[PDB]
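Coordinates as given in upload.pdb (PDB, C-alpha atoms and all ligand atoms):
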```
ATOM      1  CA  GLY P   9     126.597 221.744 227.570
ATOM      2  CA  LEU P  10     127.586 220.530 224.087
ATOM      3  CA  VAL P  11     125.619 218.402 221.629
ATOM      4  CA  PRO P  12     127.200 215.067 220.597
ATOM      5  CA  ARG P  13     127.277 214.219 216.927
ATOM      6  CA  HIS P  16     122.882 206.193 216.914
ATOM      7  CA  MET P  17     123.632 204.470 220.230
ATOM      8  CA  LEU P  19     129.027 201.665 219.211
ATOM      9  CA  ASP P  20     130.527 198.972 221.459
ATOM     10  CA  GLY P  21     134.041 198.523 220.109
ATOM     11  CA  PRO P  22     136.166 198.265 218.086
ATOM     12  CA  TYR P  23     137.631 195.064 219.566
ATOM     13  CA  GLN P  24     140.712 193.250 218.329
ATOM     14  CA  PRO P  25     140.557 189.954 216.411
ATOM     15  CA  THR P  26     139.982 187.084 218.796
ATOM     16  CA  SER P  27     138.452 183.653 219.331
ATOM     17  CA  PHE P  28     135.621 183.450 221.834
ATOM     18  CA  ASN P  29     132.084 182.303 222.630
ATOM     19  CA  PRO P  30     129.993 185.350 221.658
ATOM     20  CA  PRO P  31     126.881 186.177 223.701
ATOM     21  CA  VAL P  32     123.549 185.292 222.162
ATOM     22  CA  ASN P  33     121.324 188.217 221.052
ATOM     23  CA  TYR P  34     124.200 190.407 219.858
ATOM     24  CA  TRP P  35     125.506 191.206 216.404
ATOM     25  CA  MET P  36     129.227 191.080 215.777
ATOM     26  CA  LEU P  37     129.755 193.858 213.237
ATOM     27  CA  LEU P  38     132.946 192.931 211.379
ATOM     28  CA  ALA P  39     135.124 195.512 209.606
ATOM     29  CA  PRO P  40     137.644 193.642 207.415
ATOM     30  CA  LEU P  41     140.072 195.742 205.404
ATOM     31  CA  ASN P  42     141.575 193.212 202.970
ATOM     32  CA  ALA P  43     140.458 190.108 201.122
ATOM     33  CA  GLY P  44     140.615 186.806 203.039
ATOM     34  CA  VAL P  45     138.787 185.130 205.913
ATOM     35  CA  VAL P  46     136.542 187.466 207.911
ATOM     36  CA  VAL P  47     134.857 185.342 210.574
ATOM     37  CA  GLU P  48     134.358 181.651 211.273
ATOM     38  CA  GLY P  49     132.314 179.668 213.767
ATOM     39  CA  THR P  50     131.259 176.119 214.556
ATOM     40  CA  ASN P  51     129.188 174.053 216.958
ATOM     41  CA  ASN P  52     131.846 171.294 216.566
ATOM     42  CA  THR P  53     129.218 168.739 215.531
ATOM     43  CA  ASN P  54     127.316 169.459 212.301
ATOM     44  CA  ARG P  55     127.820 173.113 211.312
ATOM     45  CA  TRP P  56     131.008 174.965 210.321
ATOM     46  CA  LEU P  57     130.572 178.457 208.862
ATOM     47  CA  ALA P  58     133.387 180.654 207.537
ATOM     48  CA  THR P  59     132.846 183.928 205.681
ATOM     49  CA  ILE P  60     135.461 185.000 203.143
ATOM     50  CA  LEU P  61     135.905 188.371 201.422
ATOM     51  CA  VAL P  62     136.827 188.752 197.735
ATOM     52  CA  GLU P  63     137.881 192.107 196.280
ATOM     53  CA  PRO P  64     136.204 193.448 193.120
ATOM     54  CA  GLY P  65     137.114 192.195 189.679
ATOM     55  CA  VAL P  66     138.261 188.661 190.506
ATOM     56  CA  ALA P  67     137.990 186.151 187.680
ATOM     57  CA  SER P  68     137.408 182.534 188.658
ATOM     58  CA  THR P  69     140.463 181.420 190.605
ATOM     59  CA  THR P  70     141.398 178.923 193.311
ATOM     60  CA  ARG P  71     142.579 180.667 196.488
ATOM     61  CA  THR P  72     143.880 179.262 199.762
ATOM     62  CA  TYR P  73     142.248 180.154 203.083
ATOM     63  CA  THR P  74     143.078 178.912 206.564
ATOM     64  CA  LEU P  75     139.621 177.746 207.678
ATOM     65  CA  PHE P  76     139.486 176.465 211.259
ATOM     66  CA  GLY P  77     143.278 176.137 211.178
ATOM     67  CA  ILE P  78     143.201 173.969 208.036
ATOM     68  CA  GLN P  79     144.568 175.007 204.668
ATOM     69  CA  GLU P  80     141.611 174.875 202.233
ATOM     70  CA  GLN P  81     141.430 175.504 198.490
ATOM     71  CA  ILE P  82     138.287 177.382 197.406
ATOM     72  CA  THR P  83     137.394 178.447 193.861
ATOM     73  CA  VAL P  84     136.100 182.040 194.066
ATOM     74  CA  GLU P  85     134.949 184.783 191.727
ATOM     75  CA  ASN P  86     133.649 188.344 192.033
ATOM     76  CA  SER P  87     132.138 189.521 188.753
ATOM     77  CA  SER P  88     131.346 192.940 190.255
ATOM     78  CA  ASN P  89     133.834 195.616 189.214
ATOM     79  CA  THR P  90     132.810 198.029 191.986
ATOM     80  CA  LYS P  91     131.787 196.032 195.087
ATOM     81  CA  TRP P  92     133.461 193.424 197.304
ATOM     82  CA  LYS P  93     131.897 189.979 197.811
ATOM     83  CA  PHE P  94     131.403 188.181 201.130
ATOM     84  CA  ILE P  95     130.707 184.452 200.759
ATOM     85  CA  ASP P  96     129.384 182.122 203.446
ATOM     86  CA  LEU P  97     131.335 178.843 203.280
ATOM     87  CA  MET P  98     129.660 175.872 204.961
ATOM     88  CA  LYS P  99     130.691 172.347 205.880
ATOM     89  CA  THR P 100     128.877 169.822 208.058
ATOM     90  CA  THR P 101     131.777 167.642 209.277
ATOM     91  CA  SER P 102     135.224 168.445 210.624
ATOM     92  CA  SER P 103     136.785 167.216 207.358
ATOM     93  CA  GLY P 104     133.904 167.939 204.972
ATOM     94  CA  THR P 105     134.049 170.046 201.827
ATOM     95  CA  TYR P 106     132.793 173.618 201.695
ATOM     96  CA  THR P 107     129.862 174.919 199.685
ATOM     97  CA  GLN P 108     129.114 178.571 198.964
ATOM     98  CA  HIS P 109     126.027 180.411 200.172
ATOM     99  CA  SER P 110     124.238 183.670 200.854
ATOM    100  CA  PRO P 111     126.767 186.109 199.375
ATOM    101  CA  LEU P 112     126.722 189.811 200.243
ATOM    102  CA  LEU P 113     127.939 192.179 197.523
ATOM    103  CA  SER P 114     129.180 195.174 199.462
ATOM    104  CA  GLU P 115     130.548 198.702 199.181
ATOM    105  CA  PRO P 116     130.975 199.318 202.961
ATOM    106  CA  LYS P 117     132.981 196.063 203.406
ATOM    107  CA  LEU P 118     131.069 195.338 206.625
ATOM    108  CA  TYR P 119     129.583 192.014 207.717
ATOM    109  CA  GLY P 120     127.518 190.731 210.607
ATOM    110  CA  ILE P 121     126.912 187.470 212.407
ATOM    111  CA  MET P 122     124.658 186.737 215.393
ATOM    112  CA  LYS P 123     123.734 183.753 217.544
ATOM    113  CA  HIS P 124     119.960 183.947 218.103
ATOM    114  CA  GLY P 125     116.898 181.753 218.545
ATOM    115  CA  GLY P 126     118.482 178.555 217.248
ATOM    116  CA  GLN P 127     120.244 179.947 214.154
ATOM    117  CA  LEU P 128     123.407 181.705 213.063
ATOM    118  CA  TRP P 129     122.263 184.878 211.295
ATOM    119  CA  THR P 130     124.314 186.641 208.578
ATOM    120  CA  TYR P 131     123.598 189.281 205.918
ATOM    121  CA  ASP P 132     122.619 188.552 202.329
ATOM    122  CA  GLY P 133     122.229 190.318 199.005
ATOM    123  CA  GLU P 134     123.767 193.541 197.698
ATOM    124  CA  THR P 135     124.192 196.795 199.608
ATOM    125  CA  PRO P 136     122.438 199.095 200.341
ATOM    126  CA  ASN P 137     119.724 196.386 200.309
ATOM    127  CA  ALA P 138     121.206 193.624 202.514
ATOM    128  CA  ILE P 139     118.813 191.788 204.834
ATOM    129  CA  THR P 140     119.383 188.975 207.340
ATOM    130  CA  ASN P 141     118.931 185.257 206.997
ATOM    131  CA  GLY P 142     119.750 182.383 209.270
ATOM    132  CA  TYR P 143     121.191 178.897 209.265
ATOM    133  CA  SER P 144     119.681 176.326 211.615
ATOM    134  CA  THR P 145     122.462 175.514 214.092
ATOM    135  CA  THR P 146     122.385 172.838 216.784
ATOM    136  CA  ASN P 147     123.617 174.287 220.094
ATOM    137  CA  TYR P 148     123.517 177.722 218.458
ATOM    138  CA  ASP P 149     124.143 179.380 221.823
ATOM    139  CA  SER P 150     127.494 177.666 222.453
ATOM    140  CA  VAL P 151     129.071 178.295 219.014
ATOM    141  CA  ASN P 152     132.723 179.411 219.206
ATOM    142  CA  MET P 153     133.816 182.075 216.761
ATOM    143  CA  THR P 154     137.080 183.533 215.517
ATOM    144  CA  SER P 155     137.091 187.082 214.188
ATOM    145  CA  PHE P 156     140.000 187.865 211.862
ATOM    146  CA  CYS P 157     139.308 191.624 211.834
ATOM    147  CA  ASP P 158     138.370 194.356 214.255
ATOM    148  CA  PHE P 159     134.708 194.206 215.218
ATOM    149  CA  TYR P 160     131.908 195.856 217.177
ATOM    150  CA  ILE P 161     129.132 194.416 219.356
ATOM    151  CA  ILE P 162     125.522 195.564 218.866
ATOM    152  CA  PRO P 163     122.488 194.291 220.838
ATOM    153  CA  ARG P 164     119.675 192.710 218.885
ATOM    154  CA  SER P 165     117.371 195.611 219.814
ATOM    155  CA  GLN P 166     119.634 197.821 217.683
ATOM    156  CA  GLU P 167     119.538 195.422 214.730
ATOM    157  CA  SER P 168     118.108 198.166 212.512
ATOM    158  CA  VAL P 169     121.257 200.185 213.266
ATOM    159  CA  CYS P 170     123.492 197.183 212.499
ATOM    160  CA  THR P 171     121.650 196.739 209.187
ATOM    161  CA  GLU P 172     122.123 200.437 208.444
ATOM    162  CA  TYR P 173     125.882 200.042 208.989
ATOM    163  CA  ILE P 174     126.044 196.902 206.838
ATOM    164  CA  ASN P 175     124.312 198.749 204.034
ATOM    165  CA  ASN P 176     125.938 202.186 204.250
ATOM    166  CA  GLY P 177     129.206 201.912 206.200
TER
HETATM  167 NA    NA C 201     125.378 185.853 203.862
HETATM  168 NA    NA C 202     128.599 195.736 204.029
HETATM  169 NA    NA C 203     125.767 186.551 218.933
HETATM  170 NA    NA C 204     116.076 176.106 213.411
HETATM  171 NA    NA C 205     119.468 199.740 206.119
END
```

Show me, as structure tokens, the structure contained in the file I just sent.
Ligand code: NA
Ligand code: NA
Ligand code: NA
Ligand code: NA
Ligand code: NA
Amino acid sequence: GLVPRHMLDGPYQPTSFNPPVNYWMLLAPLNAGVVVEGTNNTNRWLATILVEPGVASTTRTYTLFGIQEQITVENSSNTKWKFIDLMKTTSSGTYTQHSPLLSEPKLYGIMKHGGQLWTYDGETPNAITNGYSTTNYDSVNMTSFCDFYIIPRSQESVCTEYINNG
């Protein structure tokens, strides 16, 4: 009878799928670039990118939903990485930047719940969640470009702990 050293489901390999509602996808990207993207294919396209510390304003190219896109990015922090939520509202629309997370753990989260897509916002270790109203939130398809874990919404406090502390 030994004693084990929190409840984690994963890690899973990068993939495209229709995630279950009421679960966090805890994303663990290792390098700069696209982290996760998802759309309802009608009026909401969300892609989160990751920028390493110390990046002066520069135009970088990301494959967002299979399309080469030029995005001007910047990370004025010299110590933490920067996640940026990129949003468009049509299949060919232009992206705007939102709800960044400045991060030491380099972890991100997204969840389909209650009519919104929920992501994390702010600067670790003080990230909290906020949500984007998303038509047909429950049927959103997502692509993860990094290994990830699945956490039920009941364990959201644990997910938040991971976001904020690694
Ligand atoms: Na965010
Ligand atoms: Na994080
Ligand atoms: Na979900
Ligand atoms: Na809503
Ligand atoms: Na926390």

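For the pair CA of residue 27 in chain P and CA of residue 61 in chain P, the interatomic distance is 18.7 Å.
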
Test item: residues no farther than 12 Å from ligand NA 203 (chain C), counting only C-alpha atoms and all ligand atoms, as a PyMOL selection string: chain P and resi 28-37+49+120-130+148-153+160-164+167

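Distances from P:143, P:92, P:119, P:73 to residue 158 in chain P were compared using only C-alpha atoms, and the smallest one belongs to P:119.
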
Could you spell out the hits of the PyMOL selection byres (((chain P and resi 113) around 8) and not hetatm) on the shown file, as an mmCIF file with C-alpha atoms, in the coordinates of the input?
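Ended up saving to out-v5.cif:
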```cif
data_model
loop_
_atom_site.group_PDB
_atom_site.id
_atom_site.type_symbol
_atom_site.label_atom_id
_atom_site.label_comp_id
_atom_site.auth_asym_id
_atom_site.auth_seq_id
_atom_site.Cartn_x
_atom_site.Cartn_y
_atom_site.Cartn_z
ATOM 1 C CA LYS P 91 131.787 196.032 195.087
ATOM 2 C CA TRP P 92 133.461 193.424 197.304
ATOM 3 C CA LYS P 93 131.897 189.979 197.811
ATOM 4 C CA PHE P 94 131.403 188.181 201.130
ATOM 5 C CA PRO P 111 126.767 186.109 199.375
ATOM 6 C CA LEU P 112 126.722 189.811 200.243
ATOM 7 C CA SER P 114 129.180 195.174 199.462
ATOM 8 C CA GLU P 115 130.548 198.702 199.181
ATOM 9 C CA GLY P 133 122.229 190.318 199.005
ATOM 10 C CA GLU P 134 123.767 193.541 197.698
ATOM 11 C CA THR P 135 124.192 196.795 199.608
#
```

With 3 Å added on each side, what axis-aligned box encloses every listed atom of range 155-171 of chain P? Give the centre and edge lengths in Å to one decimal, as JSON.
```
{"center_x": 128.7, "center_y": 193.6, "center_z": 215.0, "size_x": 28.6, "size_y": 19.1, "size_z": 17.7}
```

Within 8 Å of ligand NA 205 (chain C) (only C-alpha atoms and all ligand atoms), residues as JSON, numbers by chain: {"P": [136, 137, 138, 168, 169, 170, 171, 172, 173, 174, 175, 176]}

Atomic distance CA of residue 100 in chain P - CA of residue 83 in chain P, expressed in Å with one decimal: 18.7 Å

Answer key for the PyMOL selection byres (((chain P and resi 52) around 9) and not hetatm), residues as a PyMOL selection string: chain P and resi 49-51+53-56+101-102+151-152

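Note that CA of residue 26 in chain P and CA of residue 60 in chain P are 16.4 Å apart.
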
Proximity to ligand NA 201 (chain C) - best of P:105, P:155, P:110, P:72, only C-alpha atoms and all ligand atoms: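 Once distances to ligand NA 201 (chain C) are computed over only C-alpha atoms and all ligand atoms, the minimum belongs to P:110.
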
Protein and nucleic acid residues near (142.1, 181.1, 204.4) (cut-off 8 Å, all atoms listed in the file) as a PyMOL selection string: chain P and resi 44-45+60+71-75+79-80

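If you measure from each of P:84, P:57, P:38, P:47 to residue 142 in chain P using only C-alpha atoms, the closest one turns out to be P:57.
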